[PDB]
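This is what each chain is made of:
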Amino acid sequence: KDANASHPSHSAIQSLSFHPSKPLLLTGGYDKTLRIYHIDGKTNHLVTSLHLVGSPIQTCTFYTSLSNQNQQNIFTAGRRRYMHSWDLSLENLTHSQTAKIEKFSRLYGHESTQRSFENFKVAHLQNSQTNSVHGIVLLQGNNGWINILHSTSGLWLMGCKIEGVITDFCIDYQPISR
Amino acid sequence: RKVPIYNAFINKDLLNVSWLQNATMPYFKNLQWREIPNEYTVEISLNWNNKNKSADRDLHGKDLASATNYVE
Amino acid sequence: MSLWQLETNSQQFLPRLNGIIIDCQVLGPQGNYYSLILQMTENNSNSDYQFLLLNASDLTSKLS
Amino acid sequence: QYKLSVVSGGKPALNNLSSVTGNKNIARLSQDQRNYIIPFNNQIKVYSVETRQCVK
Amino acid sequence: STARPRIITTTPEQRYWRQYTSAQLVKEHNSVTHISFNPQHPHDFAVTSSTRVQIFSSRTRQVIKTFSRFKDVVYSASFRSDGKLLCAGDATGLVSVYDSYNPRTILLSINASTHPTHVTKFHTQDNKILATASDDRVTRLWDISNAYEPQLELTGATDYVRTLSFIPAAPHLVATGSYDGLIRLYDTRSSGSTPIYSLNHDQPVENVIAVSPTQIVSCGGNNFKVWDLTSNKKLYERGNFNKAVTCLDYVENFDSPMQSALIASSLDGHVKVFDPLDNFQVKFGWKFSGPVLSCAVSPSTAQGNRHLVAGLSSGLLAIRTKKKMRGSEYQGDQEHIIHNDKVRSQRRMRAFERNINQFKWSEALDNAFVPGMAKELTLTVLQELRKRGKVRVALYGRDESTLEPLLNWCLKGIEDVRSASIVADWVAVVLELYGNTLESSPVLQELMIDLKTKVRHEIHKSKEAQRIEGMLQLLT
Amino acid sequence: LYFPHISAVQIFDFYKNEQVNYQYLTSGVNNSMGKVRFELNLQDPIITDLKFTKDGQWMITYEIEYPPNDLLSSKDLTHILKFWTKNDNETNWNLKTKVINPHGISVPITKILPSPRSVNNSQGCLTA
RNA sequence: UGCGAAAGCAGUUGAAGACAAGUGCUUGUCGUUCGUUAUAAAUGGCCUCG
């Protein structure tokens, strides 16, 4: 059965994402709504929806902290100079009457490199000297620029530059030891 | 919106009704069917067009900790 | 309140706080919050301290 | 007939020692980071961060 | 953190009438005697001038229909309540009834009398009956069906009757005002032809209007008086007018802060607004080139732009008008949670406000003295800098070339009472701060010589003002 | 419980023992910028008297504005009276009238007394 | 600093110790004390979300 059959979308499905562990599917688009469905293969009912006024969704994704498994979070972005984060931890996803939403809109002096948050990806970075592991939000810049932010605090951690126009990027993990 | 009932339990004078909220989360309610009228519709508050209120903002989006400015 | 980015010597600002900043701290495993103490030096008769816990993500008062 | 009793609170407490700087704040955030403990001159208030209210 | 505060820089009833800004003066061939508004949308108004009646479109404000069949001068253009039918009077005494917006066809023609028929009005509650007034001094009541004899012939005026009015809520009552100075009330239910009672105006009556069911306002001579029929006496009278009042109109329940307004022409070029609630006291007035013979305002239910029309004996018609990606539009009707955080941008700041916010003290002062800068606005930026404690700071890096713009304004601002004190503070600093540069710069020296003469002149005025102040105390 | 802080009023609920509001009741350099160095010598307007009518729907505030130092007009204090009103549901007072230099120029309003309920239904006040 | 009104009316701004610089002597300072009611100046200005 189709995932969107129970509650149809009013635009193109710009991004799709399965939850890392739970049986959920997240949809987004220019409708500006984050519809989450419980994919069982036979009914596929809608768990929740969140309309973001004036925030078209070009890409959305679940995120689960690699250390604190209890931490769940959704990041969504569009052709805007801000990014939205939706904390699903504890009972925020279903029981809560309200959604805990944060807006990332500060680049800490690097506004010129970044025009839009629309193209982003989320990865895990292990701070080796302390051995702590945290999430990072990667962005695409105007001139080969990749801006890397802290997933929770939003601080600008580092930036990477390539020659020519950046077209796409991806993340690879190389284990070193235990 | 009507919420279908998929199971129910009735012991002596109380009746337990079960329904599914969100996708598969079961919710329950206990009622004394003896006193209930012939045709009775239980009413439940489900999220629908809920304006999202952040505890750190007021209605107009001004931060709570911030002080009110002076306007003539 | 100024966050100096020491890599590039840049700085991010949070202006128009309620009082002058006596103390600053980054309070969390990942620096989720900033805890500040404000003074409100207008009142010379008494020292009017205020504790402000800000969300590092969007710099909004999490608890005043 | 009449009787006197304290009702409201007072100023938040600080480590008012001249030499120590940067350790003036004594309030602490719980390990679960769901509430903030602040000592006052006459009491200790535990505020829930999520709801921004004095739970205890 | 809090948003940065913004720099802080008549009656409501007057402010409403000030919205009739757009003015058009049209020239007609002869004096415009009568002006009427169609009760129905689009509420086109008709003007009687010379031998023709012209209907003007409300939106276009131009002539759309012309009724030129009349051989001699025309004396009325009143519409019927439905607005389909308009009647007009003629000096020959013929009363002609035309269909509105169909000038060619003459639905009904009646010869009221051999003398001129100056007033012809449709009876407001009853469509069939039409009233006509003539210099014969008989105000005949005609019916559209019966065109050979009047239904009733009211008589008893010993002078010209030029004012007919129908009282709302009293369709049997009819009001007539003659140049005898007597306003006569008649009842059509009775035999008629004899007044119920007469009201003495002491001056020829130019127009009688029934503002409300119980109050009638009669404007004649140099004053207008409001009469209550239950008391049968004038409650109130206003004689602010200079020339003899000619025409008067009333509108109620319109969107103004005042529910009702009463406009009265003067024949002095004045038409002034009166509100019935406040004892018929003056709130507004307009002045025209010549005497006003007719005034009208758009009905309450104009449904669009309101109009104020004034008629002048020169034929000039004055009109004042009060003008009145396929998912982008989803809006989240079907969704569980709608989250809104968009905050509208603050109102655009001027150059001086931006400079103050950015701590550009010297540049903010420069923006104060620029060509085409409001005097009030120049005063705020000067006051703001003083309040911020930045007066010497704004004046440190300056020479004679960039000091003259400040002194030029000070030369003019010293006269103003509001800016006299401010000018004293800034001038005190620049003298205390540029004493040496003053000696070596000739142009600065003359900027003070005229300033000393002007500040001396203000001292004389203030001393003089104290003297008139002293004697004024003696009188009281 | 209303505390007239310097240039601002702190609304504090002693039943809950929590502050409910902080409002700026005067003009001046209050939160436009952080004063530093000689700017710190400036004195913002001081709210001297603050009172409520018996009905409680109106707030009367009396303020003194201090001129900056080192000017000719460095000694002419400006006394201001302001009338604020607020509906019970909302929390922010809206200024309704402002009287500059009441009683004359440089004459303080030493006392204020809201009127009793008998006269004008508690919508009057005396200033002395 | 005291009183008073906001105008004003009276009255203060001393001694020791230590350090630095210049040449025992001179000057200046004090996260030093006792006693009396008792210019500034390290190029250094306030965020983003249309």
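Here is what the cut-offs are and how they apply
Residues numbered from 1 in each chain as written, not as in the entry; some residues may be left out. Chains lettered and ligands numbered in written order. Part of a larger assembly, values for the part shown. Heavy atoms only, no water. Helix = DSSP H or I, 4+ residues; strand = E, 2+ residues; numbered from the N terminus. Polar contact = N/O pair within 3.5 Å; in protein donor to acceptor, adjacent residues only side chain to side chain. Contact = heavy atoms within 4.5 Å. Near = heavy atom within 4 Å. Axes fitted to C-alpha atoms, helices over the stretch in contact; angles between N-to-C directions. Left-handed = near helix turned anticlockwise from the far one by under 90°. Pairing = 2+ DSSP bridges. Buried area = accessible area lost by both parts, 1.4 Å probe. Salt bridge = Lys/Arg side-chain N within 4 Å of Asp/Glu carboxyl O. Buried < 20%, exposed > 50% of the residue type's maximum accessible area, 1.4 Å probe, protein only.

The deposited coordinates derive from cryo-EM, with the record listing a resolution of 3.01 Å.

Per the PDB entry, the recorded name for chain B is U3 small nucleolar RNA-associated protein 5, and the organism is Saccharomyces cerevisiae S288C. Looking at the header, the entry is titled "SSU processome maturation and disassembly, State I".

Under the PDB entry, the name given to chain A is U3 small nucleolar RNA-associated protein 18, and the source organism is Saccharomyces cerevisiae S288C.

Caption draft 1: Just the side chain of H118(E), in detail. Residue and element names in this part refer to chain E. With respect to the helices, strands and loops of the structure, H118 is situated in strand β9 (residues 117–122). Engagement of the side chain of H118 in a polar contact is seen with the side chain of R162, the distance being 3.3 Å. Ignoring sequence-local partners within four residues, the contact set of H118 consists of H34, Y75, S76, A133, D135 and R162.

Caption draft 2: Highlighting the protein's contact with RNA strand G. Surveying the vicinity of RNA strand G reveals 28 residues, the closest of which are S105(A), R106(A), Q12(C), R16(C) and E39(F). For RNA strand G, the backbone makes up 43% of the atoms found within 4 Å of the protein, where backbone means sugar plus phosphate. Interatomic distance of 2.4 Å between a side-chain N/O atom of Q12(C) and a base oxygen of RNA strand G. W361(E) is positioned such that a nitrogen or oxygen atom in its side chain is 3.2 Å from a base oxygen of RNA strand G.

Caption draft 3: View of the packing of helix α5 (residues 400–413) of chain E against helix α6 (residues 417–433) of chain E. Residue and element names in this part refer to chain E. The N-to-C vectors of α5 and α6 enclose an angle of 145 degrees; their axes lie 9 Å apart at closest approach. Here the hand of the crossing between α5 and α6 comes out left-handed. Within the contact between the two elements, α5 uses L403, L406, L407, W409, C410 and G413 and α6 uses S419, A420, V423, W426, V427 and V430.

Caption draft 4: Structural context of the sheet that holds strand β18 (residues 215–220) of chain E. All names here are of chain E. Spatial ordering of the open sheet is given by β17-β18-β19-β20, a layout of four strands whose pairing is antiparallel. The open sheet terminates on both sides in strands that have one partner only, identified here as β17 (205–209) and β20 (233–238). The mean angle between the axes of side-by-side strands here comes to 25 degrees, regardless of whether they run parallel or antiparallel. Relative to β18, β17 runs antiparallel, the two sharing four bridges.

Caption draft 5: Representation of the interface of chain D and chain F in the model. Opposite the seven residues of chain D that make contact, chain F presents four residues. Summing both partners gives a buried area of about 390 Å² for chain D against chain F, and 32% of it is carried by carbon and sulfur. Counting the surface chain D buries against chain F, the share from its top three residues, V7(D), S8(D) and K45(D), is 69%. Inspection of the chain D/chain F interface yields one salt bridge. With a closest N to O distance of 2.7 Å, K45(D) and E18(F) form a salt bridge. Counting across the interface, chain D meets chain F through five residue pairs in polar contact.

Caption draft 6: Structural view of unusual backbone geometry. A cis amide bond links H41(E) with the next residue in sequence, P42(E), at an omega value of 5 degrees. Within the secondary structure, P42(E) sits in the loop between β2 (32–37) and β3 (45–49). In this model, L267(E) sits at a positive phi of 70 degrees, which is unusual for a non-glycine residue. Topologically, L267(E) is positioned in the loop between β22 (260–265) and β23 (270–275). The exposure class assigned to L267(E) is partly exposed, which follows from its relative accessible area of 26%. Even without being a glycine, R37(F) presents a positive backbone phi close to 60 degrees. Summarising the element assignment, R37(F) is placed in the loop between β3 (18–24) and β4 (46–52). With relative accessibility at 75%, the residue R37(F) sits in the exposed group.

Caption draft 7: Focus on the side chain of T48(A). Relative to the elements of secondary structure, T48(A) occurs in strand β4 (residues 45–48). With near-sequence residues (within four places) excluded, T48(A) lies in contact with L34(A), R35(A), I36(A), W86(A), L93(A), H336(E) and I337(E).

Caption draft 8: Main features of the pattern of salt bridges. Evaluated as defined, the whole model comprises 31 salt bridges over all chains. The closest approach of N and O atoms between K283(E) and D275(E), which form a salt bridge, is 2.5 Å. The exposure classification of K283(E) matches that of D275(E), with both residues buried. It is possible to trace a salt-bridge network through shared partners that takes in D31(A), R35(A) and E335(E).

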